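Undergrad: This is the structure I have questions about; it appears just below.
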Amino acid sequence: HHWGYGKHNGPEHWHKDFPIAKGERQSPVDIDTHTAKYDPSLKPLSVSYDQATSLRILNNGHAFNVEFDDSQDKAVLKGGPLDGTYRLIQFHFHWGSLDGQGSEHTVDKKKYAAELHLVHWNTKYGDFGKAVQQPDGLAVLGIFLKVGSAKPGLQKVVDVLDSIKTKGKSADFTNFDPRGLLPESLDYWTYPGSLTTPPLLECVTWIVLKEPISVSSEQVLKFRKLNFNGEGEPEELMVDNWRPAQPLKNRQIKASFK
Ligand SMILES: NS(=O)(=O)c1cc(C(=O)O)c(Cl)cc1Cl
Ligand SMILES: [Zn+2]
């Protein structure tokens, strides 16, 4: 009886196995745009993905991860609120059963259809597993998805999903360029938070871009054909794999922009 996104094992249950679920810096949160404070001391983000080396795509039973070679500084995030260099390890999405839900963060209570998370770890800690034990161990770049025009740079992802329909399946996924998933603007909000999936560790500097990307209805429909279940098990569509907004508590959300 493992955690998931159902009635009997979903986010309201996670605290029993992971009591940090009720902690002081949990994610996601609602971003109240009027009370976020512009911080003129924040820097432009530096997103340096030209040398990224994607390797594989995996259905892990909760989402799918596009995995990168993080054994050198190839794809790194720096600047903004961050001190030092954070290496891209994977990206994944959260999405809904319907276009009106799916994002983890919300903006003035608005839910987007989906949310992309590019996960990076602080190189000063040597490996991901050590980084997640530190309050500044990870930086996640979060990007909202709305349904409208297709995102050309997403289509290669979409088209491999039939090969990883069920939990535990992977496929080679080399030469994918994550620059094709970014919006035009790097304006962002930032706050200290957590993993949004168990173990919910409080190790993340969240950087949530203001500008959503647009994806087509057909693209998101293909996300919704994935399965939470393994092969040869009754079908459970992989939809609504998002944690809702958590209490902000003693945190301030900062804006990079006026
Ligand atoms: N949703 S999230 O907080 O970006 C997040 C998710 C996962 C996961 O694969 O479930 C991992 Cl390992 C790290 C992070 Cl930081
Ligand atoms: Zn995520």
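A note on labels: chains of the structure tokens are A, B, ... as shown, every chain counts residues from 1, and ligands are counted from 1 in their shown order.
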Hey, what's within 10 Å of segment 89-94 of chain A if we count only C-alpha atoms and toss same-chain stuff fewer than 4 positions away? As a PyMOL selection string, please?
TA: chain A and resi 52-59+62-71+75-76+101-104+113-121+128+140-145+178+223+238-243
Undergrad: Please report, as a PyMOL selection string, each residue of segment 18-89 of chain A to which DSSP assigns helix (DSSP H, G or I) when run on this structure's backbone.
TA: chain A and resi 19-22
Undergrad: Could you save those same residues with C-alpha atoms as an mmCIF file, in the first residue's frame?
TA:
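Produced file out_13.cif, reproduced below:
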data_model
loop_
_atom_site.group_PDB
_atom_site.id
_atom_site.type_symbol
_atom_site.label_atom_id
_atom_site.label_comp_id
_atom_site.auth_asym_id
_atom_site.auth_seq_id
_atom_site.Cartn_x
_atom_site.Cartn_y
_atom_site.Cartn_z
ATOM 1 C CA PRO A 19 5.325 13.281 8.460
ATOM 2 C CA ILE A 20 7.334 16.132 6.891
ATOM 3 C CA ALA A 21 4.224 16.452 4.693
ATOM 4 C CA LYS A 22 2.964 18.786 7.434
#
Undergrad: Which residue out of A:255, A:200, A:131, A:154 has the minimum interatomic distance to ligand 2 when only C-alpha atoms and all ligand atoms are used?
TA: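 The answer is A:200, which sits nearest to ligand 2.
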Undergrad: Would you mind listing what lies within 10 Å of residue 245 of chain A as a PyMOL selection string, with only C-alpha atoms counted and same-chain residues fewer than 4 positions away left out?
TA: chain A and resi 26-31+103-106+109+196
Undergrad: For those residues, write C-alpha atoms to a file as a PDB file, in the first residue's frame.
TA:
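Below is the file that was written, result12.pdb:
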ATOM      1  CA  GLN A  26       6.246  22.231   1.845  1.00  0.00           C
ATOM      2  CA  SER A  27       5.505  22.564  -1.860  1.00  0.00           C
ATOM      3  CA  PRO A  28       3.657  23.408  -3.988  1.00  0.00           C
ATOM      4  CA  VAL A  29       2.063  26.679  -2.901  1.00  0.00           C
ATOM      5  CA  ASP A  30      -0.354  29.185  -4.288  1.00  0.00           C
ATOM      6  CA  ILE A  31       1.509  32.202  -5.661  1.00  0.00           C
ATOM      7  CA  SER A 103      -0.476  22.117 -12.130  1.00  0.00           C
ATOM      8  CA  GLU A 104       0.994  21.893  -8.642  1.00  0.00           C
ATOM      9  CA  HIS A 105       1.709  25.554  -8.132  1.00  0.00           C
ATOM     10  CA  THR A 106      -1.225  27.888  -8.669  1.00  0.00           C
ATOM     11  CA  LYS A 109      -5.603  30.171  -7.251  1.00  0.00           C
ATOM     12  CA  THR A 196       6.221  17.654  -4.140  1.00  0.00           C
TER      13      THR A 196
END
Undergrad: Closest to residue 11 of chain A among A:137, A:97, A:206, A:199, using only C-alpha atoms?
TA: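 Answer, going by the shortest atom-to-atom distance: A:199.
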Undergrad: Enter the distance from atom CA of residue 202 of chain A to atom CA of residue 257 of chain A, in Å, rounded to one decimal.
TA: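 Atom-to-atom, atom CA of residue 202 of chain A and atom CA of residue 257 of chain A are spaced 25.7 Å apart.
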Undergrad: Out of A:112, A:3, A:95, A:188, which residue has the shortest atom-to-atom distance to ligand 2 when counting only C-alpha atoms and all ligand atoms?
TA: A:95
Undergrad: Counting only C-alpha atoms and all ligand atoms, figure out which residue out of A:214, A:41, A:185, A:194 gets nearest to ligand 1.
TA: A:194
Undergrad: Using only C-alpha atoms, find the one residue out of A:81, A:61, A:180, A:192 that sits nearest to residue 135 of chain A.
TA: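 Residue with the minimum atom-to-atom distance to residue 135 of chain A: A:192.
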Undergrad: Using DSSP on the backbone coordinates, identify all residues within segment 57-179 of chain A classified as strand (DSSP E or B); present the result as number ranges by chain.
TA: A: 57-59, 64-68, 76-79, 86-95, 106-107, 110, 114-122, 138-147, 170-172
Undergrad: Keeping C-alpha atoms for every residue in the selection just given, could you write it to a file as an mmCIF file, in the first residue's frame?
TA:
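Listing of part30.cif after writing:
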data_model
loop_
_atom_site.group_PDB
_atom_site.id
_atom_site.type_symbol
_atom_site.label_atom_id
_atom_site.label_comp_id
_atom_site.auth_asym_id
_atom_site.auth_seq_id
_atom_site.Cartn_x
_atom_site.Cartn_y
_atom_site.Cartn_z
ATOM 1 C CA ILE A 57 12.813 8.281 -20.531
ATOM 2 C CA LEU A 58 11.231 6.245 -17.727
ATOM 3 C CA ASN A 59 7.643 5.673 -16.569
ATOM 4 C CA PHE A 64 7.705 9.985 -16.546
ATOM 5 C CA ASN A 65 11.239 11.256 -16.175
ATOM 6 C CA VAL A 66 13.534 12.395 -18.970
ATOM 7 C CA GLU A 67 16.961 11.683 -17.515
ATOM 8 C CA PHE A 68 20.225 13.470 -18.221
ATOM 9 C CA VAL A 76 23.326 23.825 -15.442
ATOM 10 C CA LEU A 77 21.193 26.417 -13.724
ATOM 11 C CA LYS A 78 22.823 29.346 -11.960
ATOM 12 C CA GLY A 79 22.002 32.893 -10.956
ATOM 13 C CA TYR A 86 23.041 23.303 -10.085
ATOM 14 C CA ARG A 87 23.190 20.391 -12.537
ATOM 15 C CA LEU A 88 20.141 19.149 -14.454
ATOM 16 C CA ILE A 89 19.352 15.529 -13.530
ATOM 17 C CA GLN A 90 15.836 15.025 -14.963
ATOM 18 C CA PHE A 91 12.642 16.681 -15.946
ATOM 19 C CA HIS A 92 9.066 15.483 -15.555
ATOM 20 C CA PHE A 93 5.529 16.833 -15.608
ATOM 21 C CA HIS A 94 2.378 16.839 -13.512
ATOM 22 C CA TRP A 95 -0.947 17.005 -15.331
ATOM 23 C CA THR A 106 -1.225 27.888 -8.669
ATOM 24 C CA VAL A 107 -1.232 31.587 -9.546
ATOM 25 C CA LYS A 110 -5.521 29.510 -11.013
ATOM 26 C CA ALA A 114 0.151 20.864 -16.427
ATOM 27 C CA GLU A 115 3.469 21.849 -14.920
ATOM 28 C CA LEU A 116 7.006 20.978 -16.057
ATOM 29 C CA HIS A 117 9.705 20.514 -13.411
ATOM 30 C CA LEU A 118 13.373 20.653 -14.426
ATOM 31 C CA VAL A 119 15.222 19.227 -11.423
ATOM 32 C CA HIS A 120 18.767 20.319 -10.620
ATOM 33 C CA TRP A 121 21.159 19.505 -7.760
ATOM 34 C CA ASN A 122 23.793 21.690 -6.143
ATOM 35 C CA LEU A 138 18.036 21.272 -5.223
ATOM 36 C CA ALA A 139 16.704 23.927 -7.576
ATOM 37 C CA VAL A 140 13.600 23.192 -9.575
ATOM 38 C CA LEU A 141 12.641 25.306 -12.546
ATOM 39 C CA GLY A 142 8.848 25.110 -12.820
ATOM 40 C CA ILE A 143 7.030 25.982 -16.023
ATOM 41 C CA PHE A 144 3.262 26.085 -16.461
ATOM 42 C CA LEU A 145 1.536 24.508 -19.456
ATOM 43 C CA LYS A 146 -1.675 25.859 -20.934
ATOM 44 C CA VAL A 147 -3.623 24.267 -23.771
ATOM 45 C CA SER A 170 11.961 2.908 -20.226
ATOM 46 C CA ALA A 171 13.215 3.889 -23.662
ATOM 47 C CA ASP A 172 16.359 5.393 -25.059
#
Undergrad: Looking at A:231, A:99, A:177, A:136, which one is nearest to ligand 1, with distances taken over only C-alpha atoms and all ligand atoms?
TA: A:136
Undergrad: Any idea what's packed within 8 Å of residue 151 of chain A, counting only C-alpha atoms, ignoring anything in its chain fewer than 4 positions away? Could you give it as a short mmCIF file (atom, residue, chain, number, x, y, z; two decimals) with N, CA, C and O atoms, in the first residue's frame?
TA:
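Wrote part-v8.cif, looks like this:
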data_model
loop_
_atom_site.label_atom_id
_atom_site.label_comp_id
_atom_site.auth_asym_id
_atom_site.auth_seq_id
_atom_site.Cartn_x
_atom_site.Cartn_y
_atom_site.Cartn_z
N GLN A 155 7.13 17.65 -28.93
CA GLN A 155 6.54 16.55 -29.67
C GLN A 155 7.38 15.29 -29.58
O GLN A 155 6.85 14.21 -29.53
N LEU A 181 11.64 23.58 -24.51
CA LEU A 181 10.52 23.58 -23.58
C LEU A 181 10.39 24.90 -22.83
O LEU A 181 9.49 25.05 -22.02
N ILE A 213 4.11 27.96 -21.11
CA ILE A 213 4.22 27.51 -22.47
C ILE A 213 2.86 26.99 -22.89
O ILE A 213 2.06 26.53 -22.07
N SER A 214 2.58 27.06 -24.18
CA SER A 214 1.40 26.49 -24.77
C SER A 214 1.70 25.14 -25.37
O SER A 214 2.69 25.01 -26.09
N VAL A 215 0.82 24.17 -25.09
CA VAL A 215 0.85 22.86 -25.71
C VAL A 215 -0.51 22.60 -26.33
O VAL A 215 -1.50 23.19 -25.93
N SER A 216 -0.59 21.67 -27.28
CA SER A 216 -1.88 21.42 -27.89
C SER A 216 -2.70 20.43 -27.08
O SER A 216 -2.18 19.62 -26.30
#
Undergrad: Between atom CA of residue 256 of chain A and atom CA of residue 38 of chain A, what is the distance in Å, rounded to a tenth?
TA: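 Computing it gives 5.9 Å between the two atoms.
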Undergrad: Quick one: pull the distance between atom 1 (N, counted along the ligand's line) of ligand 1 and atom CA of residue 251 of chain A, Å, one decimal.
TA: 19.1 Å
